[PDB]
Ligand code: CLA
Ligand code: CLA
Ligand code: CLA
Ligand code: CLA
Ligand SMILES: CC(/C=C/C=C(C)/C=C/[C@@]12O[C@]1(C)C[C@@H](O)CC2(C)C)=C\C=C\C=C(C)\C=C\C=C(C)\C=C\[C@@]12O[C@]1(C)C[C@@H](O)CC2(C)C
Ligand SMILES: CC(/C=C/C=C(C)/C=C/[C@@]12O[C@]1(C)C[C@@H](O)CC2(C)C)=C\C=C\C=C(C)\C=C\C=C(C)\C=C\[C@@]12O[C@]1(C)C[C@@H](O)CC2(C)C
Ligand SMILES: CC1=C(C/C=C(\C)CCC[C@H](C)CCC[C@H](C)CCCC(C)C)C(=O)c2ccccc2C1=O
Ligand code: SF4
C-alpha cells in the first residue's frame, strides 16, 4: 500500500495523479464520485472569485467610490446599502461572462463531455505571463494555493463583519 | 455445538441490504414493473414463502419479536422522556383535579403555536389523553428525575432487545426443537413471566407505591415525601402509614397472614380521595395473581417425570359427537405458526376489549376517573386494538387453513368435522345474523317512523312498549348485594356501575350506577348483531378457504388472490383474504357503534358534576334514555350535537382536532375511489399517461402498472379504516376535552 | 489456555500474544464477537481522550484563562463553556477529526495496514525501531488506562463532594 | 354456454389445456407451429368462464379467447 | 462500507433524506421570514 | 381600486382584526406569571402578529370588506409580487425538477440494467445531473431545436 503524502495514515486517493496540486489530499474521496476535471474547474473558479472578493473587501473599506450609495466601509452592510440594481447588473454581467467563456457548455454533464478542455484553462493571458513552461507549473500551484487561502480568508472576513459589524481594518 | 442453538448461522453483512427483494425467489431478479415495488413490502414478513424450513421461519419470527419489543421499549422511553422534559407532571401532582395533563409542547412555526393549550400549572402544550400522569402517580413517581431515569432505562432496554434479536439470528439461533418445547414455554410464560411479574409488581407496590401514594392522598407535598429507596432502608417510614411492617416477614413465614391486613386489603369500590381503586387492594390482587400463575406454571411436563403432556390431554378428549376429538391438534399447533397466531391474536383482542371495559368500570389509577378525556381515549383505543387483533386472528386462521392445513394428519378430528358441516354452521349463522339485524335495527327504524308519524306511544321506549333488560338488571342487583352475602369479606361492590353511591372527586363524578333501560337493550342487541355478522364473514372465510361448491380447488389458488374469473356468474372476492377485508369493514362498523354507545351513555348517564347538596347534573342531561332509541336521535342529539365542539374549534387550541376531522373525512372519501373502481380503468388511463411520457422521452424503465386487485382492495380498506377512525378520534377528543 | 491475567480462566482465544498490552484479559469475551482492531482503536481513543481530560481537569482547577467566564471549577465548567460557545469549537474540530477517523478506521478494517490508533503523528521521533515503538505503545496503553480510571474517580468524587483539586 | 375460440397464433404449449378446470380444451394435431399441436374447444358446454385458460396463454394477445354468453347451470357453476 | 453506501443509494432512503432536507429548508425559510404572503421584492 | 377593493393600509376592518387578535393574545398573556416561558411565547406571538399586519399593510395589498388581503392575479405588474413573481419562481424550480428527472431517466436508460438504477439511484450521476438543472430553460430550448425532445412514431398506440 502507498498511503497518502498529506494524510499519512490514509491510503492514497485515486484520480488525482496528473494534477498540478496533488498532495494526496482527499480523505472523503470526492474525486471518486465527482469528475476530477469538474472539481478542479470548480476549485479554480471558487479560488479566483474568493481572491477578487478579498481584494474587493480591502479596497472597499479603504478607497470606496464617490456617492451616497457607495459610502459603507463594511462589505456586508455595503451589500445592502448599494441596493439591488447595482448587484443585479453584476449578476447579469457574471452570467454573460460565464456563457461566453465556457462557450455554451456550462453544466457538469455538458462540460468536459468532449474533453479537449484543460480544467480552468480559459486562455486568458493578455500580459503574456506564462510563455515559459518552466515557471508555468509553479504559477499554477501558486494560483491554486492562493485561491484556497483566499477562500478561507473570504469566509473569515465575511464572518468577522457579521459578528462585529464595523469593518476589517 | 449446543443442542438448542446453532452458532453463527447467518453472517452479519450489508451486502443483502443493497439487494432489495433478496428474500423472495420471484422478487430477487429485480423490478420490471411498479408491481415489484408493492410486492416487495407485501412479502417482507411472509417468512413462510421465503424459506422452506420451519426452523428458519421460527428464527426469523424470534428475531422479529425482539425487534418489535425494542421498538416498544423505545416508544416507552420516549413517553417517559417527554414526561420528564416536556410535561407539567410536577404541577399536575400538586393539583390533579384542576390541571390538565400535558406532555408535548409544539414548536412556534407557521402559527402552529396555538396548539399549546392552557393546560394549567404555568404550562403550555397539548393535553394528553393517554393517562400516563395517573399511571406514574400510581407508580409512586413524584419527580421528573425518576421519569428521566425510566426513559434512560427504556433506551438501554431497547438497545438490549435489538442486540438480542441480532444475536439470536446471526450468532446463536435456536433450533426447531427449542421452539417446539410448548410445555416448557407455557411453564415459563405462566410462572416466570406472568407470575413473577405480578410478584415483582406487588413488591414494588407494597414497598414504593403504597406508602408514597398514601402520603400523597394525606396531603403531603411531593417534595417532602421521602425518596422511594428510603422506604426500604428504613422500616419506620412505612410502618407509620401501615403499622404491620413492624412485625417483618415473620407473619408470612408463620402463616399468620392476617397480620398483613393493613396493606393487603379486600375493600372493593374506589378510593374516596382519588377516585381510583384502593392500591392496597391492587397489591393484594397482584400477589394473589402471582401465586396463582406460579402454581399454574407447574402443569406441563418439560424435563422431569412430572407434569402433563398436552398431547395426552388433547387425545383423551374425544366424544360420541366429535369423533377423534382433539387428536392431531397438538401437531397442528406445534408445526404451524399461523394457527398459534390466530389463537393468540383472537384471545389478545378479546383481552384488550375486556381490559377496556374493566378500565372505566373500575378506575385503577388515582384521579383518572375524573379525567374524562383519558377514560374515553383509553376505552376507545383498547376496543379498537381488540377489534383489529380479532380480525387478525381470523385472518391467520384462514391462512393456516390455506397453507399449513394437512388433510391426512387431521382425519376425523375436530378441524375435519367442522369443515364437513361448514354449510350448517354458516347457514345458521346467516339466519341468526338476519334475525338479530332485522330485530335490533328494525326496532330502531320502527321507533324512528313512529316518532316521525306523531305516534309517540307506539315506540319501543320506556314510556311505551318497553323492553327491559331484566337479565342484566338481575346481575346488577346480584353484584351490589355481593358484599356481605356472597363476598362476605368485601366492604364494597367491585364497581359502582352495578349500583351503590355516586362517587365524586372534586365535584366531578368518578363512578355511578349505570342504569339499564330499553335504550340499552336495543344498543346491546345492535352490538350482538354486528359481532355476529363480523363472525359470519370471518368464519365463512376460514371454513371456505380451501374449497367450496363454486371453486372445488380454492386452496390451490392460495390465501391471497383476487378471484377465479368472471365465470360462474362472477367469482370476485372468493378468497379468504377478501373475507378479512369485508370483516375489517364490519369490525369497523361494530367498534364504531360500541364506542358511540359508550361515549353517549357515559356523557348522558354517568359523567357530570355533583352539587354540594347531592344533585347530579350530567354532561348532556340524560338524553340517552329517550333519544338514543331512534336513528334520528343518534344523528341529532349525539352526532350533530356533540360535533359542535369540533366544528367550532378553529382559532382555538383544539383547532388541530378540526383539521384532523376534515383530513380524516378526506381520507375516508379517498378510500372510496379504490373501493368502488377497478384495475382496468386505471391501467388504461396509465396507458395514455405513459403515451405522453414516451412522447416527451420521460417514460420510466420500471413500467408503471396500476395497483393489483388485491392491493387496490387493501389500499381501499386501509384508507377507509384510517379515515373513519381518525374522524371518530378527532370528534371524541375535541368533544371530551372541550366539555 | 489459562490466560495470563486471570489464571483460572481460559485464554480469550482471540488474544494470543501479538498485541501490545495483551495480558489475555477478556473474561466476558468481547473479542469473540467484535473485531480486535476496532476494540483496540476504541481503547486507544479512550486512553488519549481521558489522559487529556484528566490533565485538563486538574490544571483548570489550578490555572484559569484570563476572563470572567474561565473563573469556575472544572465540575461547573461544562455548563459555562457550553453557554459561551467554548465547547462548540472543540466539538467542531473533534467532529472533523472523527470524520477523518471514520475514514481511517474503515480503511483499516477493510485491509490497508494501518495499526489501530496509528495516525502516524510523530513530529519528534521518540520511537526509532520496533522495540522502542512497542515499549512506548505499552506505556501509552498503561498510562491511558490509569488516566481513564483516574478521571472516573476524579469526576465521581468531585460530584459527590464539591471540593477543590484534592477530591477526597 | 360461453364461446371459446382458438387462433392460429397458438404455439401449442398446452398451458391452456392443463389449466382448464372443467375439461373444455384439448390438444389436437396441427401443422402451423413447431410443436405440431393446437388447442381445441370441443366441450364448451362445460365452459364455466373462469378464464384460467387465457391466464396461462403466453402468446402476445392470447390464442384462446373466451366470450361470455348465455348462462347454464353448468356454466354458472351451480352445485344446486 | 461499499454495500452500506449502496443501501443508502436505494430509493426509500434517498427519498426520505431528500424530503427531510426539503421540509427542513422550507421550515427554516418560514421560521426566519414568517408570514410571507407575497414575494418579498 | 381594482375590483372595488381598497388598500389594507386604509381598511378599518383590517385594523379591527389586528386589534382583536392582539387583545385576545394579551388576555391569554394575563393568566400567566412574570417572565416565565409561557409569557415570553405569548409576547413573541403578539410581536409576530403586529409585524405581519404591518407588513401586509405596507405591501400594496388590496383588502375587501372582510379586512383580508385579496390577490390581484389578472396579470398586471402592479400586483406582480402576489402571483407573477411566485409563478416564475415555481416554474423555474419545477422545470429544474422535471429536467433533472428526465435527464436521469434518459441517461440510465442506455445502460445494461436501466431498471436497477431506478430503485438504487446512481448517486454520483444523480448529483451530476441535479446541479445541471439551472440551465433547464436553455437546455430545453436547445434540445427541442435539435429534435431530441420529442418522439415521433416509435411511441406505442392502442388498437383503434
Ligand atoms: C422465566 C423465563 C422466561 C421469561 C420471563 C420469558 C419472557 C418472554 N418470552 Mg420467553 N421463553 C422461555 C422463558 C421465558 N420467557 C423459555 C424457557 C423458552 C423456550 C421454550 C422461551 C421461548 C420464547 C419464544 C420463542 C418467544 C418468547 C417470547 C417472550 C417474551 C414475550 C413478550 C412479552 O410478553 O413481552 C414482555 C416483555 C418484557 C416483560 C420485557 C422484559 C423481558 C426481558 C427480555 C427478560 C427476558 C427473560 C430471558 C428469558 C432471560 C434470558 C437472558 C439471557 C442472557 C439468557 C417475553 C419477554 C417471545 C418474544 O417476544 O420474543 C422476544 C417469543 O417469540 N419466549
Ligand atoms: C401480531 C400481529 C400480526 C402479525 C405478526 C402478522 C403477520 C403477518 N400477516 Mg397479518 N394481520 C394482523 C396482525 C398481524 N399480522 C391483523 C391485526 C390483521 C387484520 C387487519 C391482519 C391481516 C392480514 C392480512 C389480510 C394478511 C396478513 C398477512 C401477514 C403476513 C405477511 C405480512 C406482511 O408482509 O406485511 C408487511 C407489512 C406491511 C405491508 C405494512 C402495511 C402498512 C399497513 C397496512 C398500514 C399501517 C398504517 C399505520 C397505522 C399508520 C397510518 C397513519 C397515517 C396517518 C400514515 C405475516 C405472517 C398477509 C399474508 O399473506 O399472510 C401470509 C395477508 O394477506 N395479515
Ligand atoms: C346501511 C347499509 C347497510 C345495510 C342495511 C346492511 C345490511 C346487511 N348486511 Mg351489510 N354491508 C354494508 C352496509 C350495509 N349492510 C357495507 C357498506 C358493506 C361493505 C363492507 C357491507 C358488507 C356486508 C357483508 C360482507 C355481509 C353483510 C351482511 C348484511 C346483512 C346482515 C343480516 C341482516 O341484518 O339482515 C336484515 C336486514 C336489515 C337489518 C336491513 C333493514 C331491514 C329492515 C330494518 C327490516 C325489514 C324491512 C321490510 C322487509 C321492508 C318491506 C317493505 C318494502 C318491500 C317496501 C344485512 C342485510 C351479511 C349477510 O349476508 O347477512 C347475513 C354479510 O355477510 N354486509
Ligand atoms: C478532553 C480535553 C479537554 C476538554 C474537553 C477541555 C475543556 C475545557 N477546558 Mg481544558 N485543558 C485540557 C483539556 C481539555 N479541556 C488540557 C489537556 C489542559 C492542560 C493544558 C487544559 C487546560 C485548561 C485551562 C488552563 C483552562 C481550561 C478551561 C476549559 C473550559 C473552557 C475553555 C476550554 O475549552 O479550554 C481551553 C484550553 C486550553 C487553553 C488548553 C488546551 C490545550 C489542549 C487540550 C492540548 C493540545 C491538544 C490538541 C489541541 C488536540 C487537537 C484536537 C484535534 C481535534 C485537532 C472547558 C470546559 C478553562 C476553564 O474555564 O477552566 C474551568 C481554563 O481556564 N482548560
Ligand atoms: C483558518 C482555517 C483553515 C486554515 C488553513 C489554512 C490557512 C491553510 C491552507 C493551506 O495549507 C493548506 C491547508 C493546503 C494548501 O495546498 C493550501 C493552503 C492555503 C496553503 C479554518 C478556520 C475555521 C474557522 C472556524 C471554523 C470558526 C468558527 C467560529 C465559530 C463557529 C464561532 C461561533 C461563535 O461566534 C458565534 C457564532 C457566536 C458567539 O457568541 C459564540 C461563538 C461560538 C464564539
Ligand atoms: C468554514 C470554512 C473553512 C473551514 C476550513 C477548515 C475547517 C479547514 C481545516 C483544514 O485546514 C486545516 C485547519 C488543516 C488542513 O491541513 C486540513 C483541513 C481540514 C483542510 C470556510 C467558510 C467560508 C464561508 C464563506 C466563504 C462565506 C461567505 C459568505 C458570503 C459571501 C455571504 C454573503 C451574504 O452574507 C452577506 C454578505 C449578506 C447576506 O444577507 C446575504 C449573503 C449573500 C448570504
Ligand atoms: C387510483 C387507483 C389506482 C392507481 C393508483 C396508483 C398507481 C397508486 C400510485 C401511488 C403513488 C405512485 C405513490 C404514493 C404517493 C403518495 C403521495 C404517498 C402516500 C402519502 C403518504 C403520506 C403515505 C389503481 O391501481 C387501482 C387498482 C384497483 C382499484 C382501484 C384503483 C385506484 O383507484
Ligand atoms: S376482475 Fe374483478 S371482476 Fe373480473 S374477475 Fe377478477 S374480480 Fe371478478
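Considering only region C:85-97, how many residues are within 12 Å of chain A (Cβ to nearest Cβ) and part of a helix (DSSP H, G or I)?
Step one: filter region C:85-97 for residues within 12 Å of chain A (Cβ to nearest Cβ), giving C:85, C:96-97.
Retained after the next criterion (residues that are part of a helix (DSSP H, G or I)): C:96-97.
Qualifying residue count, region C:85-97: 2.
Select from region C:120-151 the residues that are touching a helix residue (DSSP H, G or I) at 6+ places or on another chain (Cβ under 7 Å) and either within 14 Å of another protein chain (Cβ to nearest Cβ) or in a loop (DSSP other than H, G, I, E, B) (or both) and list them in ascending order. Talk me through it step by step, then tell me what you get.
Let us first name the residues in region C:120-151 that are touching a helix residue (DSSP H, G or I) at 6+ places or on another chain (Cβ under 7 Å), namely C:126-127, C:140-141, C:143-145, C:147-148, C:150-151.
Residues satisfying the conditions are C:126, C:127.
Looking only at region F:113-160, how many residues end up being part of a helix (DSSP H, G or I), within 25 Å of residue B:689 (Cβ to Cβ), facing another protein chain (nearest Cβ under 7 Å) and touching a helix residue (DSSP H, G or I) at 6+ places or on another chain (Cβ under 8 Å)?
3
Which of the residues that make up region B:257-288 are under 12 Å from residue B:244 (Cα atoms) and not in a helix (DSSP H, G or I)? Write out each step before concluding.
First, pick out the residues of region B:257-288 that are under 12 Å from residue B:244 (Cα atoms): B:257-264.
Once the filter is applied, which keeps residues that are under 12 Å from residue B:244 (Cα atoms) and not in a helix (DSSP H, G or I), region B:257-288 yields B:263, B:264.
Kindly provide the set of residues from region E:1-39 that are facing another protein chain (nearest Cβ under 9 Å) and either in contact with a strand residue (DSSP E or B) (Cβ under 6 Å, 6 or more places away or on another chain) or not in a helix (DSSP H, G or I) (or both), ordered by number.
Across region E:1-39, the qualifying residues are E:1, E:2, E:9, E:10, E:34, E:35, E:36, E:37, E:38, E:39.
May I ask you to list the residues in region A:15-56 that are within 14 Å of chain F (Cβ to nearest Cβ) and in a loop (DSSP other than H, G, I, E, B)?
If the condition is that a residue be within 14 Å of chain F (Cβ to nearest Cβ) and in a loop (DSSP other than H, G, I, E, B), then A:15, A:28, A:29, A:34, A:35 are the ones that fit.
Examine region D:43-60 for a residue that is away from ligand 1 (no atom under 16 Å from the Cβ), over 30 Å from residue F:159 (Cα atoms) and in contact (Cβ under 8 Å) with a residue 24 or more places away in the chain, and state whether such a residue exists. Lay out the reasoning, then the answer.
As a first pass, look at region D:43-60 and keep what is away from ligand 1 (no atom under 16 Å from the Cβ): D:43-60.
Retained after the next criterion (residues that are over 30 Å from residue F:159 (Cα atoms)): D:43, D:45-46.
Now restrict to residues that are in contact (Cβ under 8 Å) with a residue 24 or more places away in the chain: D:45-46.
Yes, region D:43-60 has at least one match.
Find the residue count for region A:114-166, including only residues that are part of a helix (DSSP H, G or I), free of Cβ contacts under 8 Å to residues at least 60 places away in the same chain and either surrounded by fewer than 16 Cβ atoms within 10 Å (Cβ to Cβ) or away from ligand 5 (no atom under 14 Å from the Cβ) (or both).
Of region A:114-166, the ones part of a helix (DSSP H, G or I) are A:133-163.
Those still in the list that are free of Cβ contacts under 8 Å to residues at least 60 places away in the same chain too: A:133-136, A:138-139, A:142, A:149, A:152, A:155-156, A:159-160, A:163.
Narrowing the set further to residues that are either surrounded by fewer than 16 Cβ atoms within 10 Å (Cβ to Cβ) or away from ligand 5 (no atom under 14 Å from the Cβ) (or both) leaves A:133-136, A:138-139, A:142, A:149, A:152, A:155-156, A:159, A:163.
Total meeting the criteria: 13.
So that you can scan it fast, the table gives a plain yes or no per residue for (1) closer than 28 Å to residue B:339 by Cα; (2) away from ligand 2 (no atom under 16 Å from the Cβ); (3) within 14 Å of another protein chain (Cβ to nearest Cβ); (4) part of a helix (DSSP H, G or I):
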residue	(1), (2), (3), (4)
B:525	no, yes, no, yes
B:549	yes, yes, yes, no
B:568	no, yes, yes, no
B:586	yes, no, no, yes
B:597	no, yes, no, yes
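Would region C:26-40 turn up any residue that is more than 24 Å from residue C:143 (Cα to Cα), within 23 Å of the chain's Cα centre (by Cα) and buried (at least 17 other Cβ atoms within 10 Å of the Cβ)?
Within region C:26-40 (the criterion being more than 24 Å from residue C:143 (Cα to Cα), within 23 Å of the chain's Cα centre (by Cα) and buried (at least 17 other Cβ atoms within 10 Å of the Cβ)), the answer is no, since none of the residues qualifies.
Out of the residues in region F:8-29 that are within 14 Å of chain B (Cβ to nearest Cβ) and out of contact with any helix residue (DSSP H, G or I) (no Cβ under 9 Å at 6 or more places or on another chain), which is nearest to residue B:122 (Cα to Cα)?
F:27
As an exercise: evaluate residue F:32 against (1) over 30 Å from residue F:139 (Cβ atoms); (2) away from chain E (no Cβ under 11 Å); (3) touching a helix residue (DSSP H, G or I) at 6+ places or on another chain (Cβ under 9 Å); (4) not in a loop (DSSP other than H, G, I, E, B) and give the number of the one condition it does not meet.
Condition (4) is where residue F:32 drops out.
For every residue, the table says whether it meets (1) more than 30 Å from residue D:70 (Cβ to Cβ); (2) within 16 Å of ligand 8 (Cβ to nearest atom); (3) out of contact with any strand residue (DSSP E or B) (no Cβ under 8 Å at 6 or more places or on another chain).
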site	(1), (2), (3)
B:501	yes, no, yes
B:519	yes, no, yes
B:536	yes, no, yes
B:557	no, yes, yes
B:564	no, yes, yes
B:572	no, yes, no
B:596	yes, no, yes
B:600	yes, no, yes
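Exactly one of (1) away from ligand 7 (no atom under 16 Å from the Cβ); (2) out of contact with any helix residue (DSSP H, G or I) (no Cβ under 7 Å at 6 or more places or on another chain); (3) farther than 20 Å from residue B:405 by Cβ is unmet by residue B:523. Its number?
(2)
Which of the residues spanning region B:4-45 are away from chain E (no Cβ under 14 Å) and in contact (Cβ under 8 Å) with a residue 60 or more places away in the chain?
Listed by number, the residues that qualify are B:4, B:5, B:6, B:7, B:8, B:9, B:10, B:32, B:33, B:35, B:42.
Restricting attention to region C:19-58, and to residues there that are at positive phi and more than 14 Å from chain B (Cβ to nearest Cβ), which single residue is farthest from ligand 5 (Cβ to nearest atom)?
Just the residues of region C:19-58 that are at positive phi, to begin with: C:21, C:24, C:29.
Among the residues that remain, those that are also more than 14 Å from chain B (Cβ to nearest Cβ) are: C:21, C:24.
Working: C:21: 35, C:24: 44 Å.
Per the stated criteria, the residue is C:24.
Within region C:11-45, which residues are within 14 Å of residue C:118 (Cα to Cα) and part of a helix (DSSP H, G or I)?
Start the filter on region C:11-45 by keeping residues that are within 14 Å of residue C:118 (Cα to Cα), which leaves C:19-20, C:37-45.
Listed by number, the residues that qualify are C:37, C:38, C:39, C:40, C:41, C:42, C:43, C:44, C:45.
What helices (runs of 4 or more DSSP H) lie completely within region B:1-86 and have 2 or more residues being in contact with a strand residue (DSSP E or B) (Cβ under 8 Å, 6 or more places away or on another chain) and crowded, with 16+ Cβ neighbours inside 10 Å? Show your work before the answer.
Values: elements: B:35-42, B:47-50, B:54-85.
The qualifying helices (runs of 4 or more DSSP H) are B:54-85.
Hey, any hits in region B:187-197 for a residue that's assigned to a loop (DSSP other than H, G, I, E, B), buried (at least 20 other Cβ atoms within 10 Å of the Cβ), more than 14 Å from chain F (Cβ to nearest Cβ) and touching a strand residue (DSSP E or B) at 6+ places or on another chain (Cβ under 8 Å)?
Narrowing region B:187-197 to residues assigned to a loop (DSSP other than H, G, I, E, B): none.
No - not one qualifying residue is present in region B:187-197.
I need every pair where a residue in region F:23-47 that is closer than 19 Å to residue E:35 by Cβ has its Cβ under 7 Å from the Cβ of a residue that is loosely packed, with under 12 Cβ neighbours inside 10 Å, sequence separation at least 6 or different chains.
As it stands, the answer is none, since no pair meets every condition given.
Suppose we filter region B:649-682 for residues that are surrounded by 14 or more Cβ atoms within 10 Å (Cβ to Cβ) and more than 16 Å from ligand 2 (Cβ to nearest atom); how many remain?
8
Of everything in region B:701-729, what is more than 30 Å from the chain's Cα centre (by Cα) and either within 16 Å of ligand 8 (Cβ to nearest atom) or buried (at least 18 other Cβ atoms within 10 Å of the Cβ) (or both)? Give them in sequence order. Give the derivation first.
Going through region B:701-729, the residues more than 30 Å from the chain's Cα centre (by Cα) turn out to be B:701-708.
Once the filter is applied, which keeps residues that are more than 30 Å from the chain's Cα centre (by Cα) and either within 16 Å of ligand 8 (Cβ to nearest atom) or buried (at least 18 other Cβ atoms within 10 Å of the Cβ) (or both), region B:701-729 yields B:702, B:705, B:706, B:707, B:708.
Going by the structure shown, is residue B:588 within 15 Å of ligand 3 (Cβ to nearest atom) and buried (at least 23 other Cβ atoms within 10 Å of the Cβ)?
Values: within 15 Å of ligand 3 (Cβ to nearest atom): yes; buried (at least 23 other Cβ atoms within 10 Å of the Cβ): no.
Against the criterion (within 15 Å of ligand 3 (Cβ to nearest atom) and buried (at least 23 other Cβ atoms within 10 Å of the Cβ)), residue B:588 does not qualify.
Hey, does region B:552-563 have a residue that's away from ligand 7 (no atom under 16 Å from the Cβ), buried (at least 17 other Cβ atoms within 10 Å of the Cβ) and under 26 Å from residue B:591 (Cβ atoms)?
yes
Can you name the number of the only condition in (1) away from chain F (no Cβ under 14 Å); (2) more than 25 Å from the chain's Cα centre (by Cα) that residue B:158 fails?
Result: residue B:158 passes all but (2).
Which count do you get for residues in region D:16-47 that are farther than 27 Å from residue D:70 by Cβ and in a loop (DSSP other than H, G, I, E, B)?
Selection size over region D:16-47: 7.
A quick note on method: Cβ atoms are made from the backbone with ideal geometry, for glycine too, and the neighbour counts reach across all protein chains shown. We did not get these values from a lab; they are worked out from the coordinates using the rules stated.
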